[PDB]
Every structure is written in C-alpha cells, then in structure tokens.
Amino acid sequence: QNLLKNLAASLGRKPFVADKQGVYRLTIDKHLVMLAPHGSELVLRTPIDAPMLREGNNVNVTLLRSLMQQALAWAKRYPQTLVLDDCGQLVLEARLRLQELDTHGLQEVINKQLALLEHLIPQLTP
C-alpha cells in the first residue's frame, strides 16, 4: 500500500507490515488502530473494551443511548461510526473511500480516531 508506505516514511519509520489478509495493526499511544482494505474502501477499526456495557446479559441502555447521542453529535466533523461487532463488542470504525484518499487524509482520520478514543475510553473504564 502506497499510502501506508508514505505514512511510515513521513514519520521516519520502516515500512509497516501487513498480515496475510493485508490488515495493518498500529498501536498509537496504547490504542490499537487496525487498517483493513476491502475492495474500494479502507476501514479503520479500534475495538473498545466497555465492561459497563453489559452486566451479565443486561445491556446498559443509559450508556448505549449516551454513546449514540455522542455519535450523532460528532457526525458533522468526524467520519467515525460507533458499531457493535460479531462478539457484540463496541468498535469505533471509519470507512474511507480509496478513490479520494491521500496520505494527508489517512493521517487526518487517524488523528480523529485517536481524538475520539481519548474522549470515549474514560467513559467506559474506572
């Protein structure tokens, strides 16, 4: 991936290594950012641990509503989507169209990802 080569070089680093499915995994200030190409998109994903999300089987609705309210509140300025994965665990995602993405843009969305994580994580932990 030209973009990831460019980003690595811009940071003065060796090129990043992808797994066999072409997924990259960067840990940035302790936050995992997965970058996964699918067809014409590049998808950023950070799984979130949220112990208070469910007590046993019971989903915390007050929390879920609050997080979805925040998701709407950030929508105009951040492209990120809050979702539930196949384990029913929260994940912060961003779907980027490769037709329109340059290295600058990738870096900006990564910056935005970390910004939102730093806002969210404190609400889901001690």
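One-based numbering along the sequence shown.
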Checklist entry - On average, which has the higher Cα B-factor in the deposited entry, 50-58 or 26-34? => result 50-58
Checklist entry - Lowest, middle or highest third of the chain for the C-alpha temperature factor of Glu93? => result lowest
Next on the checklist: Test of reading the entry: by CA B factor among the chain's modelled residues, which third contains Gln70?
Outcome noted: lowest
Checklist entry - Should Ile110 be placed in the lowest, middle or highest third of its chain by the C-alpha B factor in the entry? => result lowest
Item to check | CA B-factor placement of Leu11, once the chain's modelled residues are sorted into thirds | outcome: highest
